Structure formats: structure tokens, C-alpha cells
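Read the single chain below, which is given as C-alpha cells and is the form deposited in one PDB entry.
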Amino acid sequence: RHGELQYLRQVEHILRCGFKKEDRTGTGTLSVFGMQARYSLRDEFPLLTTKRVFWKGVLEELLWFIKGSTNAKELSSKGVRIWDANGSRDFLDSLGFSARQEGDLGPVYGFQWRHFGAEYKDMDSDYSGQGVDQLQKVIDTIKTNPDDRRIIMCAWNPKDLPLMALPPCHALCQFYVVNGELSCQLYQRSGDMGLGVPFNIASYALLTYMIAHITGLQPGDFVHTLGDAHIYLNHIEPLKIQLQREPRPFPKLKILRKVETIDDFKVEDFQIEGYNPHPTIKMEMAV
């Protein structure tokens, strides 16, 4: 069976078994607590096909995390605006960060992945080698002790949370090796099934590919674990239409040269091949 069926099955489960739950945004959701799906990474890449995923956003965001950037502008300049509202003058001021430059998200993913526990100053500070470089640690451990059961990168940092523009959804991930295959499990505390989760599966599948490449291993599985898995009330009808679509076989991800360290990957090193997502169809709602 096609891996995307697992996603569709989760969407169906929430539509059928989920409870209505109010949320932070005021939008409302149908929600289930606790879900898990497994996406093979073997000779295919799980970029969902029943609705186009913003792959450009996935890849530039991840390269921004890796370089340790906490500057929304450094992502925005690549045409990816996902962090912009959280770095805006008015949003930063709303949190009491009037001293910050526009774009300064505080100690979010890039900073935690590369400098966990360092004292955050501003997004322009030199953190060269302060704090824990979890990303490099994970990579070193996979190479030296691939049986290790502690190969973890954690972005959830309770001491730092109040300085972040928003709290991390991807609380931690763990890697694992057996049979020359590298697998990753993501603990995602909160998943927008219609709009966030497909991008999220692609982000951590890519990270797996990148690390497998550096460490000389084959991608195995990406296990996706959710806390509050929810469908926003506004996405219920679109996802009903989507659930009726037959997934197309997943694309392949190609890495276009031999890359030796995680810091050396660049956007042009990657190719998604054979990505055939369903075209959108117009749907009307009326009262």
C-alpha cells in the first residue's frame, strides 16, 4: 500500500472520531490526541500527491534551520514568507520585544538545533560554537555508534520558550539505525492536518535524506507522531474532496552531487523527480 494512505486514513479518522475543540486561533477544530504513521523513505520520497506541497518552502526552510538562522528576513529573501508575520514589527512589539530588529524570531529552531542552551542575544550575534550543536552531534553519533538509543535533536527548550516568537510544533526528533538504514521519528505536538502536516512530513523526510547522505546510509522510515492532530473547521470540505483522490506514486528525491557535511548542502543540490500532485478543482460553499 501507498504511504500517503496513512495520511488520508488519519484525516478520515479525525473527520469520523474527532471531537470538536476550540483553539488558540479562534477558528475551531476537530481533534484527536495521539496518532502515528510510518512513511517509507526507500527509493521514494513522501511528498504528498493528493494536494501540492510547497516544496520550495520545505527545502529553503530546512536549509535556514541548518545554518542556525533565527532571522525571518533570511528566509523571506528566498521567496518563502512563512515566518514573516512572526518577525514583524507589530508582532514583535505585541510580545514585548520592541528592542528587537524586524525579523528577529528569538531562539527558535535554528538556534536550538545548533546552540541549545547558549544565551540568546539577538539574531545577528556570533554564537560560534556556543551551546550544544545537536545536529552535528546526531551526525557524529550515527557514524561512530549507530546502535545508540539516544540520538535526539530537541527544539523544545522550556527556558527559552518565552523569548521565542512562537513555541516550536516539532518538539524533538530521534534517529535510529539498523540494517544500514537511517530512520527518524518526529514528535509533533500539534498538527494542522490540512496545511501544516504534509509540509512537516516532507521537512523531516528531507532531513533524513540529508543525514543519510552525509553518513553513508540508506533512508529507512520516517515515523510521524502527533499530539493534537486536528483539522481546522475551514478545511473540512476541502479534505473531504481530497480524501476521494487516489494518491499517485510518490516522487524520488535526488541529491545532485556528493556532499560531505550538513552545512554544505545548498538548494541546487536537490531535485524532486516525478512529482505529479492532483490538480486543484474549484469547490463552492454557500448559505
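Only residues modelled in both forms are compared. Take the two forms, find the largest set of C-alpha atoms that superpose within 1.5 Å, and that set is the rigid core. One-based numbering along the sequence shown.
Omission of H2 is seen in none of the other entries compared for this protein where the adjacent residues are built, far below a third. Two stretches are in play, 163-171 and 146-154, and the higher mean C-alpha B-factor belongs to 163-171. Across the two stretches, 74-82 and 108-116, the PDB entry reports the greater mean Cα temperature factor for 74-82. Which of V58, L226, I241, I66 has the largest Cα B-factor in the deposited entry comes down to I241.
The entry assigns its greatest Cα B factor, within the set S94, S190, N200, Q185, to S94. Ranked by C-alpha B-factor against the other modelled residues of its chain, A99 falls in the highest third. The entry lists a Cα temperature factor for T27 that places it in the highest third of the chain's modelled residues. The PDB entry assigns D221 a C-alpha temperature factor belonging to the lowest third of its chain's modelled residues. Remark: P247 belongs to the highest third of its chain, ranked by C-alpha B-factor as recorded. Residue-level temperature factors show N234 in the highest third of its chain, judged at the C-alpha atom.
Keep in mind the form deposited in another entry is missing from the figure; the text below concerns it.
Among the candidates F91, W156, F199, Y176, the CA atom that moves 2 angstroms or more between the shown form and the other one after core superposition belongs to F91 alone. Listed in sequence order, the runs of 3 or more residues present in both forms whose C-alphas shift by at least 2 angstroms between the shown form and the other one, with the core superposed, are 88-99, 279-287.
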